[PDB]
Amino acid sequence: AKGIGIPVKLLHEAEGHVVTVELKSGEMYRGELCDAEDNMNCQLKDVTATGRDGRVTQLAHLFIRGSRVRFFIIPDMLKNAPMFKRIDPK
Amino acid sequence: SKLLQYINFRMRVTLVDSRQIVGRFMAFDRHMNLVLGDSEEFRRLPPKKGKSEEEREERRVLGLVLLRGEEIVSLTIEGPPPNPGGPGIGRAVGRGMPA
Amino acid sequence: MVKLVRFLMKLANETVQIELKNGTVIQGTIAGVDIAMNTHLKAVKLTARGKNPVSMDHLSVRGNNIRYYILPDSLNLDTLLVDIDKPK
Amino acid sequence: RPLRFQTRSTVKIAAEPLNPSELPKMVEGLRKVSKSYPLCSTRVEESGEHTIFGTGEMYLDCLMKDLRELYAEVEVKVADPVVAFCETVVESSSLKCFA
Amino acid sequence: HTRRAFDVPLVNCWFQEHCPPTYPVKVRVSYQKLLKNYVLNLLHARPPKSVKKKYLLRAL
Amino acid sequence: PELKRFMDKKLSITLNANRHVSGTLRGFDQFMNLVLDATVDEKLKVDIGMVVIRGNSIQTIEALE
Amino acid sequence: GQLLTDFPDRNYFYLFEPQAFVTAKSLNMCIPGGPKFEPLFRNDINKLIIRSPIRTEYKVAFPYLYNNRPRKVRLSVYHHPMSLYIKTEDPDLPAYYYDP
Amino acid sequence: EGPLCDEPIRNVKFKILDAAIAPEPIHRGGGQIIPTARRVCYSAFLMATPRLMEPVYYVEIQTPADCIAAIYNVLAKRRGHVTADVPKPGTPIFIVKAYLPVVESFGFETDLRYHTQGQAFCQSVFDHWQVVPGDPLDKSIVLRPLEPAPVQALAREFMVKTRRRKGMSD
Amino acid sequence: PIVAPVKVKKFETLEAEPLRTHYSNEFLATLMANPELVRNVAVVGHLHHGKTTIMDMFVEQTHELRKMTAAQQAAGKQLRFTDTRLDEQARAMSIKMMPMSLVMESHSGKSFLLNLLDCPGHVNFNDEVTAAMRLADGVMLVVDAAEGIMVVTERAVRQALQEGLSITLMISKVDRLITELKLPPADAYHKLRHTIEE
RNA sequence: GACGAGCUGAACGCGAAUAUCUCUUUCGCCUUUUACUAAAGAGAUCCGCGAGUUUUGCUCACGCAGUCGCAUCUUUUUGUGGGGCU
RNA sequence: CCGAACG
Ligand SMILES: Nc1nc2c(ncn2[C@@H]2O[C@H](COP(=O)(O)OP(=O)(O)OP(=O)(O)O)[C@@H](O)[C@H]2O)c(=O)[nH]1
Ligand SMILES: [Mg+2]
Ligand SMILES: [Mg+2]
């Protein structure tokens with residue numbers, strides 16, 4: 001909406017896909033994001049937890065606080081978002 | 001911002017924990033969020049004497065990544081961006097002569 | 001509108017130094033500072049904690065991880081100090 | 001499972017191509033009509049003529065239009081429309097009928 | 001756009017607001033002929049083709 | 001917020017300095033304060049009753065179901 | 001207005017628009033208050049049923065259903081939606097008003 | 001098919017009371033009784049007072065009050081049963097429930113617009129079946145070509161012309 | 001003819017290249033390959049109650065067709081996108097249902113691909129309807145604010161519940177409350193409420 | 001990151017107004033030809049019309065100007081610091 | 001429907 005920057009609407013249109021979440025603590029979280037917040041709080045499902053020691057754990061759902069999160073890994077499929085193409089020089 | 005001059009331009013990022021992220025620029029948010037295409041994590045391992053600092057920084061390939069400004073500390077450039085006819089005629093004519 | 005980022009955004013083309021939150025040192029020219037205190041510098045050299053200096057044609061630094069600025073000794077402070085009370 | 005409409009092709013029309021010399025494409029038209037109109041129904045009798053089954057005024061109207069122009073291009077005479085009559089009981093027969 | 005005064009028909013509405021049964025025979029016949037030419041000029045206006053003009057009085 | 005999809009469900013809530021409290025949700029705020037029923041400290045093995053956790057006191061939450 | 005006398009709807013001319021008259025001429029059949037047009041070009045009783053007469057507004061309102069050999073026609077009686085506007089008369093009532 | 005019109009038989013019960021069957025399978029294949037089953041259907045229904053059935057369009061007519069009477073007038077000419085005239089909440093148009101048979105729907109939307117000057121517009125959907133009045137097998141009425149029969153002779157001449165078209169004798 | 005003219009076979013004349021849209025080709029290619037961003041919806045209503053025009057407004061907001069609109073209001077007709085066959089056109093009627101999936105926006109900015117199937121609403125075309133309705137798992141019933149419920153609306157509603165569909169109400173043509181009927185805002189609330197209640 | 005009325009030129013294009021003509025046929029007037037009728041088609045013409053810079057003719061008018069190379073309490077720019085183990 | 005020239 002008016003006021004909102006592009007990459008969070010990127011995050012929103014990433015909905016319904018399987019992505020990865022790195023938080024500032026260093027562990028990795030792979031799962032299907034259900035929906036996310038303006039404040040980057042997000043809910044994934046089918047959760048793979050990769051702990052700081054390589055620990056692999058199975059979590060049904062995850063709600064991740066955004067200001068806890070470092071970055072997101074998102075399919076380049078979705079890097080075809082209309083913002084990406086529209087801004088593009090060609 | 002002047003980092004509008006910087007979309008599509010390949011760049012490197014430092015995190016607070018000093019981990020390195022190299023990717024190309026797609027979109028930027030006011031919160032210093034960034035969109036990195038073709039991103040890879042270079043994490044500095046401790047330098048074990050007898051080897052170059054340049055030859056064993058652990059590279060992981062992250063793919064497409066997006067960066068929250070809160071832990072974004074420093075950004076630099078890495079490289080460049082990767083890769084009426086008019087009313088004229090000409091006709092053959094002899095030159096006329098007066099005699 | 002605070003006084004001081006009001007002062008800092010007029011540091012355009014200032015050849016100054018910066019200390020980072022974790023102890024990195026940066027000497028370079030301020031091409032811009034914005035309302036978030038994020039600075040883009042030109043003609044830069046950045047020297048990390050215990051690290052060799054490396055020069056940068058240009059550099060970006062987040063306003064929040066900035067520890068502080070080292071301003072020029074040649075600074076007409078009282079030039080840039082007027083107008084800070086002026087709302088535009 | 002096939003489409004279980006709400007509606008039935010309750011109206012029926014007769015179709016006789018003005019030129020019998022083009023009854024193949026006529027039926028091919030009818031055939032291709034049976035291509036685009038889910039409720040279209042083509043039925044041949046002991047009378048041999050092709051009766052066509054539609055909801056009512058507009059459906060048979062536009063099916064006759066597209067039959068005329070879309071598929072066959074053979075102009076066909078259609079008799080007065082008439083609908084399908086079912087056959088029911090009033091009260092049960094008084095004798096048991098054998099065959 | 002402005003029209004040419006003779007382009008503007010002034011009795012066209014009389015073909016829309018449809019006949020009341022109070023029409024003497026002559027007026028009904030005349031109304032019918034007018035409404036016929038009406039629906040016909042409406043319908044079959046053959047747009048000819050755009051071959052380009054002369055402008056007699058501009059040239060003169 | 002999606003915490004609404006969690007109403008009255010047993011949860012595992014991780015907090016600052018590596019702490020886990022597991023209790024059936026009771027309610028939340030815009031500041032993401034959370035009130036829990038029958039919460040258990042997974043470190044010391046203690047069911048700590050009904051609790052409120054602070055917003056920035058929420059690293060993550062998992063749904064055991 | 002007194003010359004216009006009153007407004008037309010696209011409504012009223014359901015078999016009085018041009019399309020009525022195209023269907024008229026293409027079938028050699030003409031509206032009762034409708035004009036004449038000379039031809040463009042030039043049935044078993046026991047097996048065919050009449051419970052109501054095929055009228056001319058009938059063949060004129062569905063030209064291809066009710067007519068053998070219809071041609072050169074544009075479309076037929078398609079109706080504009082009903083118009084629920086009635087002339088508010090006196091300028092004193094509110095702009096917006098319930099019609100009795 | 002059925003015997004009266006070779007059109008679908010509806011609302012009919014076929015109760016098996018007796019079959020005296022030949023004992024061995026070759027005496028009782030399909031080729032022996034499939035005609036016989038159809039013949040017992042023909043006969044058993046034929047003597048059960050057989051009657052004819054119409055489809056009845058569910059006709060809904062939105063109309064102003066100006067045109068209500070002519071609605072009723074033309075459908076009355078076309079034997080349509082008006083069910084009701086519900087004044088629409090919030091508009092000056094009345095929806096009108098009617099049941100007008102599909103036979104009697106021929107050119108109906110037109111004439112309904114024509115004697116209302118078009119302020120009314122009606123819709124018709126297939127609704128149900130019901131029985132054609134009269135005696136459909138009847139002979140006690142010898143009927144008119146080119147003229148419509150009355151209520152008392154419809155079911156008769158209707159299946160009659162049915163047969164005559166479908167290729168059957170009267 | 002003795003020399004048969006090589007005719008444009010004027011059946012239904014479409015355009016000669018994929019048009020300009022506010023999204024790409026590969027963007028829709030992306031949004032298709034994952035079920036959680038695709039909604040199948042058939043749009044049904046009575047005769048004329050606004051279905052074709054609503055589909056057209058969707059097209060108008062998500063595509064690039066402005067000079068088309070200028071040609072429309074210069075020629076004196078309003079656009080009908082899904083009414084493509086120039087004979088379904090010249091009767092102001094949808095004759096055969098036509099599909100279209102548009103990449104539309106949410107309030108979240110997440111673009112969803114919505115498969116809307118513009119249907120005929122005239123009763124005798126219910127056949128088209130069921131096809132689209134067995135195609136799409138959801139339905140949008142466009143009931144026109146003015147005239148309320150009609151035949152084809154509730155008959156498609158029975159079609160909608162029989163095939164177990166997500167039925168969604170679109171009160172179209174609300175301006176007929178303001179401009180034709182001139183019902184005040186309060187009586188407009190009553191009439192809208194009564195239509196959804198019906 | 002920004003400004004037209006009137007004429008003749010533009011070169012491209014047919015909201016609602018429509019008359020005439022030619023041709024190929026049929027039909028009707030009917031002694032013949034013009035001059036006509038009304039049908040089918042195929043072709044023209046007239047009287048007009050819209051937008052782009054071409055300026056001719058203002059009789060209007062301009063340049064520190066409207067615009068330049070989101071501003072401290074749990075969710076964002078006021079970060080949780082410090083140490084140390086392989 | 002409906003009138004002019006010519007022969
Ligand atoms: N007053 C008003 N008229 C509208 C509105 N939307 C459409 N219309 C008109 O309603 C007419 C019929 O709507 P359509 O676009 O044909 O929609 P429809 O109901 O699918 O009609 P069918 O194609 O016959 O099924 C249009 O030609 C418009 O003039 C609206 O919002 N208000
Ligand atoms: Mg002579
Ligand atoms: Mg002589």
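Reminder, nothing fancy here: chain letters follow the sequence lines and each chain counts from 1. The figures that follow rest on heavy atoms only: side chains count, while hydrogens, waters and symmetry mates do not.
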* Asked: Taking the chi torsion of J:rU80, is it syn (within 90° of 0) or anti (everything else)?
  -> syn
* To do: Specify the glycosidic conformation (syn or anti) of J:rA61, with syn defined as within 90° of 0.
  => syn
* Asked: Under the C1'-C2'-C3'-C4' criterion, what is the pucker of the sugar in J:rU80: north or south?
  -> south
* Report yes or no: is there a donor-acceptor pair, N or O only, under 3.5 Å between the side chain of A:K24 and the base of J:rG79? => no
* Asked: When you check the gap from the basic side-chain N to the acidic O, do B:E58 and B:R43 get nearer than 4.0 Å?
  -> yes
* Looking only at side chains, do A:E27 and A:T50 share a donor and an acceptor under 3.5 Å apart? -> no
* So what does I:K77 touch, heavy atoms closer than 4.0 Å: a base, only the sugar-phosphate, or nothing? -> nothing
* Asked: Between the side chains of B:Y6 and C:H40, does any donor sit under 3.5 Å from an acceptor?
  -> yes
* Answer with base, sugar-phosphate or nothing: what part of the nucleic acid does E:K36 contact at a heavy-atom distance below 4.0 Å? => nothing
* Sign of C1'-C2'-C3'-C4' decides it: give me the sugar pucker of J:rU37, north or south. => north
* Can you figure out which of J:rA19, J:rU74, J:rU75 approaches the side chain of E:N41 most closely? => J:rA19
* Asked: Looking only at heavy atoms, which two atoms of G:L75 and G:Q19 are closest? And how far apart?
  -> O-OE1, 2.8 Å
* Ignoring the backbone of E:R4, work out which of J:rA17, J:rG9, J:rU74 is nearest its side chain. => J:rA17
* Looking at every strand, decide which applies to F:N33 at a 4.0 Å heavy-atom threshold: base, sugar-phosphate, or nothing. => base
* Between J:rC14, J:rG79, J:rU75, which nucleotide gets closest to the side-chain atoms of E:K49? -> J:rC14
* Side chain of E:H1 only, please: which of J:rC47, J:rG50, J:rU76 is the nearest? => J:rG50
* Report yes if a side-chain nitrogen or oxygen of C:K21 is closer than 4.0 Å to either non-bridging phosphate oxygen (OP1 or OP2) of J:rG81; otherwise report no. => no
* With the stacking criterion set to ring centres under 5.5 Å and planes under 30°, output yes or no for J:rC30 and J:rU31. => no
* Asked: Can you find a donor-acceptor N/O pair under 3.5 angstrom joining the side chain of F:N16 to the base of J:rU80?
  -> no
* To do: Starting from the C-alpha separation in whole Å, work towards a yes-or-no answer on salt bridge (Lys or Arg N to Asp or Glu O under 4.0 Å) for A:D53 and A:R55.
  => CA-CA 5 Å; A:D53 31 26; A:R55 191 269 334 258; 5.2 Å; no
* To do: Pick base, sugar-phosphate or nothing for B:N33, based on heavy-atom distances below 4.0 Å to the nucleic acid.
  => nothing
* Asked: Is the J:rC62-J:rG63 step stacked (ring centres under 5.5 angstrom, plane angle under 30°)?
  -> no
* Structure fact -> E:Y38 meets the ring-ring contact (aromatic ring centres under 6.0 Å, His included) criterion, sequence neighbours left out, with E:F15
* Base-over-base contact, J:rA39 with J:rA40: centres under 5.5 Å, angle under 30° -> yes
* Structure fact -> Note: for E:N12 and F:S57 on RNA chain J, the residue whose nearest nucleotide lies more 5' is E:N12
* Structure fact -> G:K36 atom NZ is separated from J:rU37 atom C1', nearest whole Å, by 12 Å
* When you get a sec, tell me which of J:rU77, J:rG41, J:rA17 is the closest nucleotide to the side chain of E:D7? => J:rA17
* To do: Just read off the sign of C1'-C2'-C3'-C4' for J:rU53 and name the pucker, north if positive, south if negative.
  => south
* Counting any heavy atom closer than 4.0 Å, what does G:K25 reach on the DNA or RNA strands: base, sugar-phosphate only, or nothing? -> nothing
* Structure fact -> Per the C1'-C2'-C3'-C4' dihedral, where positive means north and negative south, the sugar of J:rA10 is south
* Would you mind classifying the nucleic acid contact of G:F41 as base, sugar-phosphate or nothing, using non-hydrogen atoms under 4.0 angstrom? => nothing
* To do: Report yes if a donor N or O on one partner sits less than 3.5 Å from an acceptor N or O on the other, where the partners are the side chain of C:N38 and the base of J:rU77; otherwise report no.
  => no
* To do: Using the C1'-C2'-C3'-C4' torsion, classify the pucker of J:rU75 as north or south, with positive meaning north.
  => south
* To do: Looking at every strand, decide which applies to G:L40 at a 4.0 Å heavy-atom threshold: base, sugar-phosphate, or nothing.
  => sugar-phosphate
* Asked: Watson-Crick or G-U wobble, both distances under 3.5 angstrom: are J:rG9 and J:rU55 paired?
  -> no
* Asked: Given a cut-off of 3.5 Å on both distances, is J:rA42 paired to J:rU22 by Watson-Crick or G-U wobble rules?
  -> yes
* Asked: Where the side chain of E:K33 is defined as all heavy atoms beyond and including C-beta, which of J:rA17, K:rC1, J:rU77 is the nearest nucleotide?
  -> K:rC1
* Anti or syn - J:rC23, cut at 90° from 0 -> anti
* Does a Watson-Crick or G-U wobble pair link J:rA5 to J:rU59, with each of the two distances under 3.5 Å? -> no
* Asked: For the pair made of NZ in C:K88 and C1' in J:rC68, what is the distance, rounded to whole Å?
  -> 10 Å
* Asked: J:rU74, J:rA42, J:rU45: which one has an atom nearest the side-chain heavy atoms of F:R54?
  -> J:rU74
* To do: Run through C:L59, C:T15, C:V16 and flag the one making a side-chain contact (heavy atoms from CB on, under 4.5 Å) with C:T29.
  => C:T15
* Start at the 5' end of RNA chain J and walk down; is the nucleotide closest to C:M37 or to A:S67 reached first? -> A:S67
* Scan E:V8 against the nucleic acid and name what it touches under 4.0 Å (heavy atoms): base, sugar-phosphate only, or nothing. => nothing
* To do: Output the single nucleotide from J:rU74, J:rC14, J:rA17 whose closest atom is nearest the side chain of E:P9.
  => J:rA17
* **Closest to the B:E70 side chain, choosing from J:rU74, J:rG13, J:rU76** => J:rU76
* Go through the side-chain N and O atoms of C:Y69 and C:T39 and say whether any donor and acceptor fall under 3.5 Å apart. => yes
* Do J:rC36 and J:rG28 form a Watson-Crick or G-U wobble pair, with both donor-acceptor distances under 3.5 Å? -> yes
* Base, sugar-phosphate, or nothing: which does E:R58 touch, judged by heavy atoms less than 4.0 Å apart? -> sugar-phosphate
* With a 4.0 Å cut-off on heavy atoms, is A:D38 in touch with a base, just the backbone sugar-phosphate, or nothing at all? -> base
* Structure fact -> Which of J:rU74, J:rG79, J:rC47 is nearest the side chain of E:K53? It is J:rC47
* Syn or anti for J:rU78, please, going by whether the chi angle lies within 90° of 0. => syn
* Asked: How long is the line joining CD of F:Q59 and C1' of J:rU80, in whole Å?
  -> 12 Å
* Asked: Is F:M32 touching bases, backbone alone, or none of the nucleic acid, heavy atoms closer than 4.0 Å?
  -> base
* Searching all strands shown, indicate the nucleotide that pairs with J:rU45 (Watson-Crick or G-U wobble; both distances under 3.5 Å). => J:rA19
* Asked: Going by atom types alone, do E:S50 and E:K52 pair a side-chain donor with an acceptor below 3.5 Å?
  -> yes
* Asked: Considering all heavy atoms of both residues, which atom of F:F6 and which atom of A:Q43 are nearest to each other, and what is their separation?
  -> CZ-OE1, 3.0 Å
